[PDB]
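Below you will find one chain, with nothing else, as structure tokens; this is the form deposited in one PDB entry, and questions on how it binds or moves follow later.
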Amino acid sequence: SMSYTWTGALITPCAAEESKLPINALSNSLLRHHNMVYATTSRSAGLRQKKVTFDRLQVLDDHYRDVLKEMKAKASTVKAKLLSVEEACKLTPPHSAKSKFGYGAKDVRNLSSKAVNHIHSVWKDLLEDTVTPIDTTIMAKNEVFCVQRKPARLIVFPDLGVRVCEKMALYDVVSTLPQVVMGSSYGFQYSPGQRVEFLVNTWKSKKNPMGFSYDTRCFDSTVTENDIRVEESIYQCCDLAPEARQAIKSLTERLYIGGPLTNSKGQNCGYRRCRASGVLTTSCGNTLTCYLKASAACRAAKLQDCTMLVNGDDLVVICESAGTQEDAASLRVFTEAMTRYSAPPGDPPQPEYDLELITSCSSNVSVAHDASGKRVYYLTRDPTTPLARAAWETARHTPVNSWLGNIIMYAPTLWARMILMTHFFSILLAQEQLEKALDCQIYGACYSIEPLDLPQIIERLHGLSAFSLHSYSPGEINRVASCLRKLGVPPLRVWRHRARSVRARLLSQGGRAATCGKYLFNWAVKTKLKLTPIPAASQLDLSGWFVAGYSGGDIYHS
């Protein structure tokens, strides 16, 4: 079956679309090569439509069914609950697309009778109708990138009322099942640090460790009706209220498997027979399907001690190496086996015998030293993307403050400390918006965060070491350095000279700011400071921050 069928109608833009980095008075204090940064618009949607329209073909051997059985067993221990409507509402993102039925996210969160009535009636349609396809909207995504240009990705999502419904039936499922079914291998249960510790222990649990990541060529399009249905047999293994089983069956037949795509102007763009990105089960399902296809594939290729870490469509496999010549052979089979499951490779996975050489979730493990000179591991990455965006957001406020999200998730990184924290705090001082809560996204979910809190938040996601790390490896430093030369970002020495000033600015502010300049820039000075636990750091409520991803699921918290 073809992943997609087009009618020829264009995927139209809902609003104005900028493709060129806006420039303001602050711009050059960060990135001088403006011709390097751009944003994807609905103008390239046609390209993307071409790269993802293809026919999927699957050959499921016993190794495939073997693993699927194991998973269903563990799945059978899960007892998901049926969210009521109010609860559902209370999980909808304050800035989530409004309903084509007269009410919006603001309406739903508050439980206005308009939204609650409609949802109650949408849910009923799911219980007495298990076939009529549910309409969807297809818009091109606007993401910023560096050149050397990729076509805009495609977002497909059902109406707000249906989204609320998905939660009532699946919210509790997608949060639980993954951990239970895949155990430690489930990547959305780890904070950046725990992810790093998991990969290290796992690397140490091998006499001869050998690893590789596996990138699927546009994974959503590879996903076939069979996958969507198998996913369901898995969900249906849970102890689920009867009404929920129906809704999950109904959502499956009428939505997740496929359905008509409607552009922003109401025209028909075509039909979908693969994964919809805007559904509650997108992240969970992918991860589920990706884990199943890569476990079978492991056995198919006789890989010794197959351990895996799976975050949605991203895959990492650390096993017991059996000889450099023997591994490259194994991986060939593995790729071939994945290809038979409709999970071909975008790039040939290649074996690495060096941990800090594998890239999962666009990141990697690297090393430095804490306050005690002890070797400590942290999660870092190429800063190209993060900065390019931090730049765009320097002259354009976005719904997703990437620079903040980035700082929270990469506090320990050489580039996030010297550049991101400095640059942006400097700007918060001038505007005096040091406490204005701002949105940002982590593993998918949108959180509201106040800048002055960062000190506590960071300590809570990485620990005190995120303020005293030093002697970063030469490999990392050189990468941060190069990327800067590329985008035209001033050298690191310049930033330290600026952080020295921003530190001083924050310190003078006393209070929570004084804490910020105290802990966030304590690396800019020579006479280091004490830095001890933060009293209100143990106050923060971070249980639900990293229990499950919701990328393309309509999720929000505090």
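All residue numbers are counted from 1 along the displayed sequence. Throughout, rigid core stands for the largest set of C-alpha atoms superposing within 1.5 Å between the two forms.
What comes next is about the form solved in complex with a small molecule, which does not appear here.
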>> Can you work out whether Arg163 and the small molecule are in contact in the deposited bound form, taking contact to mean some heavy atom pair no more than 4.5 Å apart?
In response: no
Worksheet item: in the deposited bound form, does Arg512 have a heavy atom within 4.5 Å of the small molecule?
Response: no
| message | I'd like to check something about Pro133: if you look in the deposited bound form, is any of its heavy atoms closer than or equal to 4.5 Å to a heavy atom of the small molecule? | response | no
Is there a heavy atom of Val489 no more than 4.5 Å from a heavy atom of the small molecule in the deposited bound form?
yes
Picking from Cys274, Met210, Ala388, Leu170, the single residue whose non-hydrogen atoms come within 4.5 angstroms of the small molecule in the deposited bound form is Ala388
Only hit among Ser96, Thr202, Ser295, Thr394 for heavy atom within 4.5 Å of the small molecule in the deposited bound form is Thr394
Assert contact_stretch over 111-119, 412-420, 233-241, 260-268 against the small molecule in the deposited bound form, heavy atom within 4.5 Å, equals 412-420
Run the contact test on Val37, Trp495 and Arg498 with a 4.5 Å heavy atom cut-off to the small molecule in the deposited bound form and return yes or no. yes
Looking at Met418, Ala294, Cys446, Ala300 between this form and the one not shown with the core superposed, the single C-alpha displaced by 2 Å or more is at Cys446
_C-alpha of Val316 off by 2 Å or more between this form and the one not shown on rigid core_ = no
key: Rigid core fit then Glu435 CA moved by 2 Å or more between this form and the one not shown   = yes
